[PDB]
Structure formats: structure tokens, C-alpha cells
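What's in my_file-v3.txt: compact mmCIF, N, CA and C atoms
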```txt
# COMPACT_ATOMS: atom_id res chain seq x y z
N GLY A 1 9.39 19.68 28.28
CA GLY A 1 8.21 19.13 27.57
C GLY A 1 8.61 18.14 26.47
N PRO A 2 7.71 17.85 25.50
CA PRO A 2 7.93 16.86 24.44
C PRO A 2 9.05 17.20 23.43
N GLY A 3 9.45 18.48 23.34
CA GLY A 3 10.38 18.99 22.33
C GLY A 3 9.73 19.21 20.96
N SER A 4 10.56 19.40 19.92
CA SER A 4 10.10 19.65 18.55
C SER A 4 9.44 18.41 17.93
N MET A 5 8.19 18.56 17.50
CA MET A 5 7.36 17.55 16.82
C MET A 5 6.19 18.23 16.07
N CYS A 6 5.49 17.48 15.22
CA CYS A 6 4.21 17.90 14.62
C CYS A 6 3.12 16.82 14.79
N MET A 7 1.87 17.27 14.80
CA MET A 7 0.64 16.48 14.97
C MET A 7 -0.56 17.24 14.38
N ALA A 8 -1.65 16.53 14.06
CA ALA A 8 -2.78 17.07 13.30
C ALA A 8 -4.14 16.48 13.73
N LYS A 9 -5.22 16.89 13.06
CA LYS A 9 -6.55 16.26 13.14
C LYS A 9 -7.06 15.80 11.77
N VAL A 10 -7.73 14.65 11.73
CA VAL A 10 -8.40 14.11 10.54
C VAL A 10 -9.88 14.46 10.55
N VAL A 11 -10.45 14.83 9.40
CA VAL A 11 -11.90 14.97 9.17
C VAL A 11 -12.34 14.14 7.96
N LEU A 12 -13.52 13.52 8.05
CA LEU A 12 -14.10 12.62 7.04
C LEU A 12 -15.63 12.66 7.05
N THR A 13 -16.26 12.06 6.03
CA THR A 13 -17.72 11.97 5.90
C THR A 13 -18.16 10.53 5.63
N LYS A 14 -19.14 10.04 6.40
CA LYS A 14 -19.75 8.71 6.28
C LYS A 14 -20.62 8.57 5.01
N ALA A 15 -20.96 7.33 4.67
CA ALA A 15 -21.96 7.01 3.63
C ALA A 15 -23.37 7.57 3.95
N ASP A 16 -23.67 7.76 5.24
CA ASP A 16 -24.87 8.42 5.75
C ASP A 16 -24.91 9.95 5.49
N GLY A 17 -23.80 10.55 5.03
CA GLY A 17 -23.60 11.99 4.92
C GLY A 17 -23.18 12.67 6.24
N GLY A 18 -22.93 11.89 7.30
CA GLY A 18 -22.54 12.38 8.62
C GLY A 18 -21.04 12.68 8.73
N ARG A 19 -20.67 13.86 9.26
CA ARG A 19 -19.27 14.25 9.49
C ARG A 19 -18.68 13.55 10.72
N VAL A 20 -17.40 13.19 10.65
CA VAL A 20 -16.61 12.56 11.73
C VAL A 20 -15.22 13.20 11.79
N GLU A 21 -14.68 13.39 13.00
CA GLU A 21 -13.42 14.08 13.25
C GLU A 21 -12.60 13.38 14.36
N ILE A 22 -11.28 13.29 14.17
CA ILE A 22 -10.31 12.59 15.04
C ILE A 22 -9.13 13.52 15.36
N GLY A 23 -8.91 13.83 16.63
CA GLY A 23 -7.81 14.68 17.10
C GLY A 23 -6.51 13.93 17.40
N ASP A 24 -5.42 14.69 17.59
CA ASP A 24 -4.10 14.22 18.05
C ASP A 24 -3.46 13.12 17.19
N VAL A 25 -3.68 13.17 15.88
CA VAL A 25 -3.19 12.22 14.87
C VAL A 25 -1.69 12.41 14.62
N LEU A 26 -0.93 11.30 14.60
CA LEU A 26 0.50 11.26 14.25
C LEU A 26 0.78 10.63 12.88
N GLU A 27 -0.11 9.80 12.34
CA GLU A 27 -0.01 9.26 10.98
C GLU A 27 -1.36 8.85 10.37
N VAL A 28 -1.44 8.92 9.04
CA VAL A 28 -2.57 8.52 8.20
C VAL A 28 -2.06 7.71 7.01
N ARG A 29 -2.75 6.61 6.65
CA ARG A 29 -2.35 5.68 5.57
C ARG A 29 -3.53 5.35 4.66
N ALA A 30 -3.35 5.43 3.34
CA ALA A 30 -4.28 4.89 2.36
C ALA A 30 -3.89 3.45 1.98
N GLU A 31 -4.70 2.48 2.40
CA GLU A 31 -4.63 1.08 1.98
C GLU A 31 -5.34 0.86 0.63
N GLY A 32 -5.24 -0.35 0.06
CA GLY A 32 -5.93 -0.79 -1.16
C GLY A 32 -7.45 -1.01 -1.02
N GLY A 33 -8.16 -0.10 -0.34
CA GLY A 33 -9.61 -0.16 -0.09
C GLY A 33 -10.12 0.59 1.15
N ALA A 34 -9.24 1.21 1.95
CA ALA A 34 -9.57 1.89 3.20
C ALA A 34 -8.54 2.98 3.57
N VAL A 35 -8.90 3.90 4.47
CA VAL A 35 -7.94 4.79 5.16
C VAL A 35 -7.80 4.41 6.64
N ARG A 36 -6.56 4.35 7.13
CA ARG A 36 -6.17 4.14 8.53
C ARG A 36 -5.66 5.43 9.17
N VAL A 37 -5.92 5.62 10.46
CA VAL A 37 -5.56 6.80 11.27
C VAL A 37 -5.05 6.36 12.64
N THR A 38 -3.92 6.91 13.12
CA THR A 38 -3.35 6.56 14.44
C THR A 38 -3.00 7.80 15.27
N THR A 39 -3.41 7.82 16.54
CA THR A 39 -3.22 8.94 17.48
C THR A 39 -1.93 8.87 18.31
N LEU A 40 -1.60 9.99 18.96
CA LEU A 40 -0.56 10.15 19.99
C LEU A 40 -0.71 9.15 21.16
N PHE A 41 -1.94 8.75 21.48
CA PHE A 41 -2.28 7.81 22.56
C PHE A 41 -2.45 6.36 22.07
N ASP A 42 -1.93 6.04 20.88
CA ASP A 42 -1.90 4.71 20.26
C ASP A 42 -3.29 4.09 19.99
N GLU A 43 -4.33 4.93 19.83
CA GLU A 43 -5.63 4.51 19.30
C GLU A 43 -5.55 4.46 17.76
N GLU A 44 -5.92 3.32 17.18
CA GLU A 44 -6.05 3.14 15.72
C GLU A 44 -7.52 3.13 15.29
N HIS A 45 -7.80 3.81 14.17
CA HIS A 45 -9.11 3.89 13.53
C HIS A 45 -8.97 3.53 12.04
N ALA A 46 -9.99 2.90 11.45
CA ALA A 46 -9.99 2.50 10.04
C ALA A 46 -11.38 2.65 9.39
N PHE A 47 -11.40 3.11 8.14
CA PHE A 47 -12.60 3.52 7.40
C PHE A 47 -12.56 3.01 5.95
N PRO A 48 -13.41 2.03 5.57
CA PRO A 48 -13.44 1.48 4.22
C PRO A 48 -14.01 2.47 3.20
N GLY A 49 -13.50 2.42 1.97
CA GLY A 49 -13.98 3.19 0.82
C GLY A 49 -13.54 4.65 0.78
N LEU A 50 -12.65 5.09 1.67
CA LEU A 50 -12.07 6.44 1.66
C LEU A 50 -10.72 6.50 0.92
N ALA A 51 -10.31 7.73 0.61
CA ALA A 51 -8.97 8.13 0.17
C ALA A 51 -8.56 9.47 0.81
N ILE A 52 -7.26 9.75 0.89
CA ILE A 52 -6.74 11.02 1.43
C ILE A 52 -6.89 12.13 0.38
N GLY A 53 -7.62 13.20 0.72
CA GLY A 53 -8.00 14.29 -0.20
C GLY A 53 -7.10 15.52 -0.12
N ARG A 54 -6.87 16.06 1.08
CA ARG A 54 -6.06 17.27 1.32
C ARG A 54 -5.30 17.19 2.64
N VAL A 55 -4.12 17.82 2.68
CA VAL A 55 -3.21 17.91 3.84
C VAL A 55 -2.74 19.36 4.00
N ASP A 56 -2.74 19.89 5.22
CA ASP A 56 -2.33 21.27 5.54
C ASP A 56 -1.50 21.29 6.84
N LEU A 57 -0.20 21.60 6.72
CA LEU A 57 0.76 21.57 7.82
C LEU A 57 0.77 22.89 8.63
N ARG A 58 0.28 23.99 8.05
CA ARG A 58 0.04 25.28 8.74
C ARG A 58 -1.12 25.15 9.73
N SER A 59 -2.24 24.60 9.27
CA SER A 59 -3.45 24.41 10.09
C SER A 59 -3.41 23.14 10.96
N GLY A 60 -2.60 22.14 10.59
CA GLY A 60 -2.57 20.83 11.25
C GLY A 60 -3.83 19.99 10.96
N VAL A 61 -4.23 19.89 9.69
CA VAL A 61 -5.49 19.26 9.25
C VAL A 61 -5.27 18.32 8.07
N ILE A 62 -5.96 17.17 8.07
CA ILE A 62 -6.11 16.26 6.93
C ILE A 62 -7.60 16.03 6.65
N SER A 63 -8.00 16.10 5.38
CA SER A 63 -9.37 15.85 4.93
C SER A 63 -9.43 14.61 4.03
N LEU A 64 -10.31 13.66 4.36
CA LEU A 64 -10.58 12.45 3.59
C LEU A 64 -11.82 12.60 2.69
N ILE A 65 -11.83 11.87 1.58
CA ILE A 65 -12.90 11.86 0.57
C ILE A 65 -13.30 10.42 0.23
N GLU A 66 -14.51 10.25 -0.30
CA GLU A 66 -15.03 8.94 -0.74
C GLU A 66 -14.43 8.53 -2.09
N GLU A 67 -13.75 7.39 -2.14
CA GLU A 67 -13.07 6.85 -3.32
C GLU A 67 -14.07 6.30 -4.36
N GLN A 68 -13.75 6.43 -5.65
CA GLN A 68 -14.67 6.19 -6.78
C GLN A 68 -14.23 5.09 -7.77
N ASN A 69 -13.14 4.38 -7.47
CA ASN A 69 -12.66 3.24 -8.25
C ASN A 69 -13.40 1.94 -7.87
N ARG A 70 -13.83 1.84 -6.60
CA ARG A 70 -14.70 0.79 -6.04
C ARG A 70 -16.05 0.64 -6.75
N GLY B 1 5.71 35.01 21.80
CA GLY B 1 4.96 33.74 21.72
C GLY B 1 5.65 32.74 20.80
N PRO B 2 5.70 31.44 21.16
CA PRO B 2 6.31 30.38 20.35
C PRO B 2 5.69 30.22 18.95
N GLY B 3 6.47 29.62 18.03
CA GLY B 3 6.03 29.30 16.67
C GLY B 3 5.09 28.09 16.62
N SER B 4 3.86 28.28 16.15
CA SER B 4 2.84 27.23 16.01
C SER B 4 2.88 26.47 14.67
N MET B 5 3.67 26.95 13.70
CA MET B 5 3.77 26.42 12.34
C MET B 5 4.43 25.03 12.26
N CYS B 6 4.12 24.30 11.19
CA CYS B 6 4.83 23.10 10.72
C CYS B 6 4.92 23.09 9.18
N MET B 7 5.84 22.29 8.64
CA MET B 7 5.98 21.99 7.21
C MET B 7 6.39 20.52 7.02
N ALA B 8 6.24 20.01 5.79
CA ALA B 8 6.59 18.63 5.43
C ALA B 8 7.53 18.56 4.22
N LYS B 9 8.03 17.36 3.92
CA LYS B 9 8.50 16.99 2.58
C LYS B 9 7.46 16.15 1.83
N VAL B 10 7.47 16.22 0.50
CA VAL B 10 6.75 15.30 -0.39
C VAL B 10 7.76 14.45 -1.15
N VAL B 11 7.46 13.16 -1.33
CA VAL B 11 8.23 12.22 -2.17
C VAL B 11 7.33 11.48 -3.16
N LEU B 12 7.81 11.33 -4.40
CA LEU B 12 7.10 10.73 -5.54
C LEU B 12 8.09 10.18 -6.59
N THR B 13 7.58 9.42 -7.57
CA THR B 13 8.37 8.88 -8.69
C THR B 13 7.68 9.14 -10.03
N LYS B 14 8.43 9.65 -11.02
CA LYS B 14 7.96 9.96 -12.38
C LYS B 14 7.65 8.69 -13.18
N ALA B 15 6.90 8.85 -14.27
CA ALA B 15 6.64 7.79 -15.26
C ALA B 15 7.92 7.31 -15.98
N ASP B 16 8.97 8.13 -16.03
CA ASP B 16 10.31 7.78 -16.53
C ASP B 16 11.16 6.96 -15.53
N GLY B 17 10.62 6.70 -14.33
CA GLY B 17 11.32 6.03 -13.21
C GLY B 17 12.19 6.97 -12.36
N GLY B 18 12.17 8.27 -12.63
CA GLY B 18 12.95 9.29 -11.91
C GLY B 18 12.35 9.62 -10.54
N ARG B 19 13.13 9.47 -9.47
CA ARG B 19 12.73 9.82 -8.09
C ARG B 19 12.73 11.35 -7.90
N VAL B 20 11.72 11.87 -7.20
CA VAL B 20 11.50 13.31 -6.97
C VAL B 20 11.16 13.58 -5.50
N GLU B 21 11.69 14.67 -4.96
CA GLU B 21 11.51 15.12 -3.58
C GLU B 21 11.34 16.65 -3.51
N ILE B 22 10.40 17.13 -2.69
CA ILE B 22 10.05 18.55 -2.54
C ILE B 22 10.10 18.91 -1.05
N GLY B 23 10.87 19.93 -0.67
CA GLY B 23 10.98 20.43 0.70
C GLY B 23 10.07 21.63 1.02
N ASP B 24 9.98 21.98 2.30
CA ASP B 24 9.24 23.15 2.82
C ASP B 24 7.76 23.21 2.40
N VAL B 25 7.10 22.05 2.28
CA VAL B 25 5.71 21.92 1.83
C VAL B 25 4.74 22.40 2.92
N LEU B 26 3.86 23.34 2.54
CA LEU B 26 2.83 23.96 3.38
C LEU B 26 1.50 23.18 3.30
N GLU B 27 1.12 22.75 2.10
CA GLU B 27 -0.11 21.98 1.84
C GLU B 27 -0.01 21.12 0.56
N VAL B 28 -0.84 20.07 0.52
CA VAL B 28 -0.95 19.09 -0.59
C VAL B 28 -2.42 18.80 -0.87
N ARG B 29 -2.81 18.69 -2.15
CA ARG B 29 -4.20 18.47 -2.60
C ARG B 29 -4.26 17.42 -3.71
N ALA B 30 -5.04 16.36 -3.51
CA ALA B 30 -5.40 15.40 -4.55
C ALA B 30 -6.69 15.84 -5.27
N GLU B 31 -6.56 16.26 -6.52
CA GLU B 31 -7.68 16.49 -7.45
C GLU B 31 -8.15 15.16 -8.09
N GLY B 32 -9.24 15.20 -8.87
CA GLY B 32 -9.81 14.06 -9.61
C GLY B 32 -8.98 13.59 -10.82
N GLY B 33 -7.64 13.51 -10.68
CA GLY B 33 -6.71 13.06 -11.72
C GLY B 33 -5.24 13.51 -11.56
N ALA B 34 -4.91 14.28 -10.52
CA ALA B 34 -3.57 14.83 -10.27
C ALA B 34 -3.36 15.20 -8.78
N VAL B 35 -2.11 15.22 -8.31
CA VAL B 35 -1.73 15.83 -7.02
C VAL B 35 -1.02 17.16 -7.22
N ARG B 36 -1.39 18.16 -6.42
CA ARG B 36 -0.77 19.50 -6.33
C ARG B 36 -0.09 19.69 -4.98
N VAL B 37 1.05 20.39 -4.98
CA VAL B 37 1.94 20.61 -3.83
C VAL B 37 2.33 22.10 -3.77
N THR B 38 2.12 22.76 -2.63
CA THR B 38 2.42 24.20 -2.44
C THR B 38 3.41 24.40 -1.29
N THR B 39 4.45 25.22 -1.51
CA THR B 39 5.51 25.48 -0.52
C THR B 39 5.19 26.65 0.42
N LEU B 40 5.93 26.72 1.52
CA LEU B 40 5.97 27.81 2.50
C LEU B 40 6.31 29.18 1.88
N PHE B 41 7.01 29.18 0.75
CA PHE B 41 7.49 30.36 0.02
C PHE B 41 6.70 30.63 -1.28
N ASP B 42 5.47 30.14 -1.37
CA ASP B 42 4.49 30.38 -2.45
C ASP B 42 4.92 29.89 -3.85
N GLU B 43 5.76 28.85 -3.92
CA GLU B 43 5.96 28.05 -5.14
C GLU B 43 4.96 26.89 -5.19
N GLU B 44 4.68 26.37 -6.39
CA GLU B 44 3.72 25.28 -6.62
C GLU B 44 4.23 24.25 -7.66
N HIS B 45 3.92 22.98 -7.42
CA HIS B 45 4.22 21.83 -8.28
C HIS B 45 2.95 20.99 -8.50
N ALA B 46 2.82 20.34 -9.66
CA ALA B 46 1.66 19.52 -10.01
C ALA B 46 2.04 18.26 -10.82
N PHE B 47 1.37 17.14 -10.53
CA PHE B 47 1.72 15.80 -11.01
C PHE B 47 0.46 14.98 -11.37
N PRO B 48 0.17 14.78 -12.67
CA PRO B 48 -0.97 13.96 -13.11
C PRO B 48 -0.74 12.47 -12.84
N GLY B 49 -1.82 11.74 -12.54
CA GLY B 49 -1.81 10.28 -12.35
C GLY B 49 -1.25 9.80 -11.00
N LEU B 50 -1.14 10.69 -10.01
CA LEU B 50 -0.81 10.35 -8.62
C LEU B 50 -2.02 10.48 -7.67
N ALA B 51 -1.90 9.86 -6.50
CA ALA B 51 -2.75 10.03 -5.33
C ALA B 51 -1.89 10.04 -4.04
N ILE B 52 -2.42 10.57 -2.93
CA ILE B 52 -1.72 10.60 -1.63
C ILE B 52 -1.78 9.20 -0.97
N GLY B 53 -0.63 8.61 -0.67
CA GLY B 53 -0.48 7.27 -0.09
C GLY B 53 -0.29 7.25 1.43
N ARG B 54 0.57 8.13 1.97
CA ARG B 54 0.83 8.30 3.41
C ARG B 54 1.04 9.76 3.81
N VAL B 55 0.68 10.07 5.06
CA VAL B 55 0.89 11.36 5.72
C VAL B 55 1.36 11.10 7.15
N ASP B 56 2.65 11.33 7.42
CA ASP B 56 3.33 10.98 8.67
C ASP B 56 3.76 12.24 9.41
N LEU B 57 2.87 12.79 10.24
CA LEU B 57 3.08 14.04 10.99
C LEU B 57 4.23 13.92 12.00
N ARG B 58 4.42 12.71 12.57
CA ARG B 58 5.53 12.37 13.48
C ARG B 58 6.91 12.64 12.86
N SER B 59 7.04 12.42 11.55
CA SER B 59 8.29 12.56 10.78
C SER B 59 8.32 13.81 9.87
N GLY B 60 7.16 14.42 9.57
CA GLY B 60 7.02 15.51 8.60
C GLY B 60 7.13 15.04 7.14
N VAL B 61 6.58 13.86 6.81
CA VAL B 61 6.74 13.21 5.49
C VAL B 61 5.38 12.89 4.86
N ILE B 62 5.23 13.23 3.58
CA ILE B 62 4.09 12.86 2.73
C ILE B 62 4.61 12.03 1.54
N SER B 63 3.95 10.91 1.25
CA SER B 63 4.34 9.99 0.17
C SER B 63 3.20 9.79 -0.83
N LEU B 64 3.48 10.00 -2.12
CA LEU B 64 2.54 9.83 -3.22
C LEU B 64 2.73 8.49 -3.96
N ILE B 65 1.63 7.96 -4.50
CA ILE B 65 1.54 6.66 -5.20
C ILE B 65 0.80 6.81 -6.54
N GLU B 66 1.02 5.87 -7.46
CA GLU B 66 0.41 5.88 -8.79
C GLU B 66 -1.09 5.54 -8.74
N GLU B 67 -1.93 6.47 -9.22
CA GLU B 67 -3.39 6.34 -9.25
C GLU B 67 -3.85 5.20 -10.19
N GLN B 68 -4.72 4.31 -9.69
CA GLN B 68 -5.26 3.15 -10.44
C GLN B 68 -6.67 3.40 -11.01
N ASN B 69 -7.19 4.63 -10.89
CA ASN B 69 -8.55 5.05 -11.27
C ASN B 69 -8.64 5.70 -12.67
N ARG B 70 -7.57 5.57 -13.48
CA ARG B 70 -7.41 6.18 -14.81
C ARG B 70 -8.46 5.69 -15.83
```
Represent the structure contained in this file as C-alpha cells.
Amino acid sequence: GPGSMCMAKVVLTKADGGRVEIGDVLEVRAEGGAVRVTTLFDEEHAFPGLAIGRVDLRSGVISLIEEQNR
Amino acid sequence: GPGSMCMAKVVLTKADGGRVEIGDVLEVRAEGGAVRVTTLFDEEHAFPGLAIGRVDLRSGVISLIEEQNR
């Protein structure tokens, strides 16, 4: 199989108050105005006005929050 | 049954310019003015004026950056 590795899921909330979730994530990045997310299958996603809030390596979860410096 | 667990490292830099690294990280949390870091062995570290910059599950690496929202 693939051997030793780690992977996770991202969860976030829209300006509408709607929840959104992304599986099979290999990396997450906070830019100077947005959060970026990239999967095992090379799909990239990007969300303006977010920041990275919490990370958990036991559960395999990342939670994003709405940034307040903007 | 196989082990489902993962852990990371955290990397950051002090206001004195001193480089800092933390191993065996279980979870990380950005509060409204500080980052907190908790280990697999129930130790804890805390750092005011940081935010989470990157989370790289492929490598097991978390990177912190200086908060601009002060």
C-alpha cells in the first residue's frame, strides 16, 4: 500500500453561516487575505477572509475561522 | 489492529529572534491573541502574538507566523 503517511479533513463556515467540509487534505496555507486547501487527488480550494483556527493530529481535523483584521 | 494515530512538529520564532521547535504535537489552537500547543504526553506550550501560517499533513509540520491584528 501507500506506506507511512498522514492526511486530514478541513471544516469551515461561509459568510452565509453555512458549514463546508473538505476530505483527504494533505496541506493547508494561510495567505495574506485567504486560506488555501489541497487534496491527495491534487484538487485545490481557496476561501477569502478566513484564518486557520485549530489543528488535531489524533482526529485528523483542521478548523478554519473568519479573520477580523480585514 | 493497526495504529490510526498521527503527530506533528511545530516551528516558530521569538520576539528576541530565537528559533523554537516542538516535537510530538497532538493538537494546536489559535486563540484571539496567542497560539497554544499540546503534546502526545500531556505537556503544553503557549505563545502570545502568533497565528497558524501552514499545516502540512504530508510532512507532519505546522508553522507559526507573527500576528498583524494587534
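Distances to residue B:28 were evaluated for A:56, A:62, A:51, A:5 using only N, CA and C atoms, and the minimum falls at A:56.
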### Message
(10.0, 30.8, -0.3) in this file's frame - what residues fall within 12 Å of it? Use only C-alpha atoms and give the answer as a list in words.
### Response
residues 23, 24, 25, 26, 38, 39, 40, 41, 42, 43 and 44 of chain B
Restrict the calculation to all atoms listed in the file, then for each residue of chain A with any atom at most 6.5 Å from an atom of chain B give the closest atom pair and their distance in Å to one decimal, rows by chain and rising residue number, as JSON lines.
```
{"residue": "A:5", "atom": "C", "partner": "B:57", "partner_atom": "C", "distance": 6.2}
{"residue": "A:6", "atom": "C", "partner": "B:57", "partner_atom": "C", "distance": 4.2}
{"residue": "A:7", "atom": "N", "partner": "B:57", "partner_atom": "C", "distance": 5.0}
{"residue": "A:8", "atom": "N", "partner": "B:57", "partner_atom": "CA", "distance": 6.2}
{"residue": "A:25", "atom": "C", "partner": "B:57", "partner_atom": "CA", "distance": 6.2}
{"residue": "A:26", "atom": "C", "partner": "B:57", "partner_atom": "N", "distance": 4.0}
{"residue": "A:27", "atom": "CA", "partner": "B:56", "partner_atom": "CA", "distance": 4.4}
{"residue": "A:28", "atom": "N", "partner": "B:55", "partner_atom": "C", "distance": 4.0}
{"residue": "A:29", "atom": "CA", "partner": "B:54", "partner_atom": "CA", "distance": 4.7}
{"residue": "A:30", "atom": "N", "partner": "B:53", "partner_atom": "C", "distance": 4.0}
{"residue": "A:52", "atom": "C", "partner": "B:52", "partner_atom": "CA", "distance": 5.8}
{"residue": "A:53", "atom": "C", "partner": "B:30", "partner_atom": "N", "distance": 4.1}
{"residue": "A:54", "atom": "CA", "partner": "B:29", "partner_atom": "CA", "distance": 4.5}
{"residue": "A:55", "atom": "C", "partner": "B:28", "partner_atom": "N", "distance": 4.0}
{"residue": "A:56", "atom": "CA", "partner": "B:27", "partner_atom": "CA", "distance": 4.4}
{"residue": "A:57", "atom": "N", "partner": "B:26", "partner_atom": "C", "distance": 4.1}
{"residue": "A:58", "atom": "CA", "partner": "B:6", "partner_atom": "N", "distance": 4.9}
{"residue": "A:69", "atom": "CA", "partner": "B:69", "partner_atom": "CA", "distance": 5.4}
```
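Least-squares fitting of chain A to chain B, using every C-alpha atom paired in order, leaves a residual RMSD of 1.4 Å.
What separates atom C of residue A:22 from atom C of residue A:1 is a distance of 21.4 Å.
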Can you sort out stretch 38-52 of chain B so it carries N, CA, C and O atoms, written as a CSV table (one decimal), in the coordinates of the input?
```
chain,number,residue,atom,x,y,z
B,38,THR,N,2.1,22.8,-2.6
B,38,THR,CA,2.4,24.2,-2.4
B,38,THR,C,3.4,24.4,-1.3
B,38,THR,O,3.2,23.8,-0.2
B,39,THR,N,4.4,25.2,-1.5
B,39,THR,CA,5.5,25.5,-0.5
B,39,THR,C,5.2,26.6,0.4
B,39,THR,O,4.3,27.5,0.1
B,40,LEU,N,5.9,26.7,1.5
B,40,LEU,CA,6.0,27.8,2.5
B,40,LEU,C,6.3,29.2,1.9
B,40,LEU,O,5.9,30.2,2.4
B,41,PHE,N,7.0,29.2,0.8
B,41,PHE,CA,7.5,30.4,0.0
B,41,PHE,C,6.7,30.6,-1.3
B,41,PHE,O,7.2,31.3,-2.2
B,42,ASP,N,5.5,30.1,-1.4
B,42,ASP,CA,4.5,30.4,-2.4
B,42,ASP,C,4.9,29.9,-3.8
B,42,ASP,O,4.5,30.4,-4.9
B,43,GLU,N,5.8,28.8,-3.9
B,43,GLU,CA,6.0,28.0,-5.1
B,43,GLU,C,5.0,26.9,-5.2
B,43,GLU,O,4.4,26.4,-4.2
B,44,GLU,N,4.7,26.4,-6.4
B,44,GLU,CA,3.7,25.3,-6.6
B,44,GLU,C,4.2,24.2,-7.7
B,44,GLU,O,4.9,24.6,-8.7
B,45,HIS,N,3.9,23.0,-7.4
B,45,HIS,CA,4.2,21.8,-8.3
B,45,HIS,C,3.0,21.0,-8.5
B,45,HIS,O,2.1,20.9,-7.6
B,46,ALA,N,2.8,20.3,-9.7
B,46,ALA,CA,1.7,19.5,-10.0
B,46,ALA,C,2.0,18.3,-10.8
B,46,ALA,O,2.9,18.3,-11.7
B,47,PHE,N,1.4,17.1,-10.5
B,47,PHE,CA,1.7,15.8,-11.0
B,47,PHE,C,0.5,15.0,-11.4
B,47,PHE,O,-0.3,14.5,-10.5
B,48,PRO,N,0.2,14.8,-12.7
B,48,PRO,CA,-1.0,14.0,-13.1
B,48,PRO,C,-0.7,12.5,-12.8
B,48,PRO,O,0.4,12.0,-12.9
B,49,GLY,N,-1.8,11.7,-12.5
B,49,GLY,CA,-1.8,10.3,-12.4
B,49,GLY,C,-1.2,9.8,-11.0
B,49,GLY,O,-0.9,8.6,-10.9
B,50,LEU,N,-1.1,10.7,-10.0
B,50,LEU,CA,-0.8,10.4,-8.6
B,50,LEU,C,-2.0,10.5,-7.7
B,50,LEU,O,-3.0,11.1,-8.0
B,51,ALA,N,-1.9,9.9,-6.5
B,51,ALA,CA,-2.8,10.0,-5.3
B,51,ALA,C,-1.9,10.0,-4.0
B,51,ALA,O,-0.7,9.6,-4.0
B,52,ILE,N,-2.4,10.6,-2.9
B,52,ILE,CA,-1.7,10.6,-1.6
B,52,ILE,C,-1.8,9.2,-1.0
B,52,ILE,O,-2.9,8.7,-0.7
```
